[PDB]
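Protein chains in written order, with the deposited numbering: chain R, 1201 to 1248; chain E, 6 to 235; chain D, 6 to 29, 31 to 233; chain F, 491 to 539; chain C, 1057 to 1104; chain A, 865 to 960.
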Amino acid sequence: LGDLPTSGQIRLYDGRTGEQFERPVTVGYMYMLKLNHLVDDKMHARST
Amino acid sequence: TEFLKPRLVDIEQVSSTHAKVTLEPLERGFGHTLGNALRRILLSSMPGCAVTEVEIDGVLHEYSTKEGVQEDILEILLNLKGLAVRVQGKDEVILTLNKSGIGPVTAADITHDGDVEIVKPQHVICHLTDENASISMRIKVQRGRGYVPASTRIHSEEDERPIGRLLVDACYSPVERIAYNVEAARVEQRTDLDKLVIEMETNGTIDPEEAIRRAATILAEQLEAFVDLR
Amino acid sequence: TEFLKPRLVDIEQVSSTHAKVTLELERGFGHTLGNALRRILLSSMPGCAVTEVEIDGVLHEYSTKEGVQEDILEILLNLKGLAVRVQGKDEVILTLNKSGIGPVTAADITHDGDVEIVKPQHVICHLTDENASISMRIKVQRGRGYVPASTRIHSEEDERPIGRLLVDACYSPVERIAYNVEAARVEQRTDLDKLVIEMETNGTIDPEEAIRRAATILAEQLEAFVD
Amino acid sequence: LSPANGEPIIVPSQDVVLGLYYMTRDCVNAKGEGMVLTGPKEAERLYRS
Amino acid sequence: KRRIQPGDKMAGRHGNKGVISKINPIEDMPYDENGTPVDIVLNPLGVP
Amino acid sequence: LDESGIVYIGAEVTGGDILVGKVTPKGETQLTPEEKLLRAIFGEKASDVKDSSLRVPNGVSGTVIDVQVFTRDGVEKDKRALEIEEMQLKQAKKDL
């Protein structure tokens, strides 16, 4: 219905060189979360 | 030797923000090289104008509200971050806005300036919901390139700022999407040629031909070091 | 409108055919320059190369001769690796004549005036019998890049003379080109690039001249838009 | 080397193994089959182009 | 305000978690035929 | 700092900045004669109070968005708490 491939895989190109990747790559949308483990609160150092 | 040099041929203009360009004479293999180089340069180094500072009457910090305004100060700053402005003749200008009554506050309400053009007048900034509500802003617009976070501009400073001046992250680049394609040319003398078609997506404020020429100039200026004796 | 300018701080010169060049760059420009330079150096450099050969008594690549230990496939492989620079026309035919016992070198090819041989130590065949001998007609055209023999035999719609042997043509004087992008810093500007290029070429030219030729080709290709 | 058994402790895994395995596979009717090359440098030059 | 940086933890709803390792420039990301790039690249090796 | 010794609302602060000013009695002290002579030469006087202000901890930045002042019933309120309670009374007055 959305005019999209039925396999869920498309062709991609390398941004740094423009060359095509040799095999199709699964591309889509997934829901991502940011957890309460921040490196701002975990980095620590002590001299004296 | 037998190198048919490219030349800008046709520039279609699909919309105010969508355009296509073509370079017809290309030897075998040059199309992809120039397409990739131009795509990277266009996506990386185009100049533009963006909002960097906002001052609102009776507002001390961005984590606050205003009576008669449906949006928070943070949402207003985010809306102002997406304002497209074209400035000619100077690298810094200060705009002013004043509005009253019940209704939306769009980019058309900004006070007219001689050498400042607003590309999209329908860009909604905020909404007023009270008959006695009023707003007044002083918006500072600069020119630059790249992405400069405000948390980095605070570091590069030697004089204090007064309370009430709100900093905004600047996204100077006016180009969102770049796509290029290589197709065979129609030169009857040489049937081994091809043409390069470049598709551009912008927010206005930039001419496609000028962008292409600036990218080519940057690439040539970079190659000047390789060309020389060392 | 102002950008950082590179400078060839180091040019490590290892041999007459191998060198390393480093440039110490705006963020993302190292790949942009390196990929373009590599593509131009590979698929666009012009030169002269052996393209075909005629051997008496040899009908096709499956045939077998006598008096030489190397098979004709080895002879074609050695011919493909011969580097020749020509000052003059676009097509020269060379002759080779050697009889007896010993290794026939490139110097045994008759000195055909303008045509020059850069490596007289190249080996073409080995002579094992005094009675047997080899006589061949080697032709050298001019062109750019690399052209496989498969597309040429597919492009030979006209009649092929009997006994014609096609050898792959390596016009470009490049053997190996590779580039690497590293990280560089100046006065706490961290997100900067340092480009390193490894270059290998046959004795036709020096690596620096090839790099300059590629850069000049690209710059002249871009001359129609630079304002 | 591992001090318990003497075997090497640094072993490539995951992406490196997959990359090398895909590098060193063969196909029956791949493009460019049948050529004779002067050396690995010519093979790399052919692949990159 | 805290912005994302290498060392922060991200995760999905299927038990797939990871640490951000690099912020990539937009021109270095893989892109499709129409030129629109991808936002996040994940290792397919984890799934099987 | 304001006239009451409290940082303004909306100020941008970093590590080491003073938020609330406070002083404490210090009492007797012992000083070496050389340092005492240096102090006398420089002309600065001796004080009976010691700084005990509330400072921003190191590694912490941010913007001041709210200040709360609590006072004892017997103690009389200062100006800034008065302003806060006027704001609260204004909100209640509008609601009614």
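Positions of the beta carbon are idealized from the N, C-alpha and C atoms, including for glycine.
Buried versus exposed, by CB contacts within 10 Å (16 or more), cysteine 131 of chain E
When all chains shown are included, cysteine 131 of chain E counts as buried.
Give the secondary structure of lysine 958 of chain A by DSSP, where H, G and I count as helix, E and B as strand, and everything else as coil.
helix
Just to confirm my understanding: we take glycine 1208 of chain R, look at its own chain, exclude 5 residues before and 5 after, and list those with CB closer than 7 angstroms. What are they?
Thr1226 and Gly1228
Using a Cβ-Cβ cut-off of 8 angstroms, state whether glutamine 227 of chain E counts as contacting chain D.
yes
Give the residues of chain C in contact with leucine 48 of chain E, contact being defined as C-beta atoms less than 7 angstroms apart.
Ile1082 and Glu1083
Enumerate in chain order the residues of its own chain whose CB-to-CB distance from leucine 918 of chain A is below 6 angstroms, with the five nearest sequence positions on each side excluded.
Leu883 and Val884
Does the beta-carbon distance from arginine 45 of chain E to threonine 22 of chain D come in below 8 angstroms?
no
So, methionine 51 of chain D versus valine 180 of chain D, is the Cβ gap smaller than 8 angstroms?
yes
Taking only beta-carbon atoms, is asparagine 41 of chain D less than 8 angstroms away from chain R?
yes
Any beta carbon from chain F within less than 8 angstroms of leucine 172 of chain D's own beta carbon?
no
Identified DSSP bridge partners for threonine 27 of chain D:
D:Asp15 and D:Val202
Test: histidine 37 of chain E CB closer than 8 angstroms to a CB of chain R
yes
Residues that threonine 207 of chain D contacts on chain E, provided the C-beta gap is smaller than 8 angstroms
What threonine 207 of chain D touches in chain E: nothing, since even the nearest Cβ is about 16 angstroms away.
Got a sec? Which residues, its chain only, sit under 7 angstroms from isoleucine 81 of chain D by beta carbon, not counting five neighbours each side?
Listed in chain order, the non-local C-beta contacts of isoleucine 81 of chain D below 7 angstroms within the same chain comprise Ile130 and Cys131, local neighbours out to five positions each way being set aside.
Extent of the continuous beta strand (DSSP E) run through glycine 36 of chain D:
Run containing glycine 36 of chain D: none in the beta strand (DSSP E); it sits in the alpha helix (DSSP H), 35–49.
How would you label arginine 219 of chain E, buried or exposed, when you count the other beta carbons within 10 angstroms and need 16 or more for buried?
buried
What is the DSSP secondary structure of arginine 150 of chain D, counted as helix, strand or coil?
strand
Hey, quick one: how far does the alpha helix (DSSP H) through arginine 219 of chain D stretch, first residue to last?
213–227
Buried or exposed for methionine 205 of chain D, going by 16 or more other Cβ atoms inside 10 Å?
buried
Can you list, in chain order, the residues of the segment 869–893 of chain A whose Cβ is nearer than 8 angstroms to any Cβ on chain E?
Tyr872, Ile873, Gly874, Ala875 and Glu876
Give the secondary structure of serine 156 of chain D by DSSP, where H, G and I count as helix, E and B as strand, and everything else as coil.
helix
Three-way DSSP call (helix, strand, coil) for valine 192 of chain D in this model
In this structure, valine 192 of chain D counts as strand in the three-state DSSP scheme.
Spell out the partners DSSP gives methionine 1232 of chain R in its beta bridges.
According to DSSP, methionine 1232 of chain R bridges with nothing at all.
According to DSSP, which residues form a beta bridge with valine 187 of chain D?
D:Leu201
List, in order along the chain, the chain D residues whose C-beta lies closer than 7 angstroms to that of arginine 538 of chain F?
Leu48
Got a sec, what are the start and stop residues for the beta strand (DSSP E) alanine 55 of chain E sits in?
52–61
Taking the alpha helix (DSSP H) that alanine 904 of chain A falls in, what are its first and last residues?
897–906
Using a C-beta cutoff of 8 angstroms, does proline 179 of chain E count as contacting chain D?
no
Which partner residues of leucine 102 of chain D appear in the DSSP bridge assignment?
D:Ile115 and D:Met142
Could you check the C-alpha separation between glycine 108 of chain D and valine 121 of chain D for me, to the nearest Å?
25 angstroms
In the DSSP assignment, the beta strand (DSSP E) including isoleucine 130 of chain D goes from what residue to what residue?
129–133
Could you check which residue in E:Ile203, E:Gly209, E:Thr222 and E:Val232 has the C-alpha nearest to that of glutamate 17 of chain E?
E:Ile203
Quick one: Cα of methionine 1085 of chain C to Cα of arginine 191 of chain D, how far?
If you take the alpha carbons of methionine 1085 of chain C and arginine 191 of chain D, they lie about 24 angstroms apart.
Check this for me: beta carbons of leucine 198 of chain D and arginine 33 of chain D, under 8 angstroms apart or not?
yes
Locate the beta strand (DSSP E) running through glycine 1074 of chain C, then write down its first and last residues.
Per DSSP, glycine 1074 of chain C belongs to the beta strand (DSSP E) from 1073–1075.
Name the DSSP bridge partner or partners of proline 109 of chain D?
D:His132
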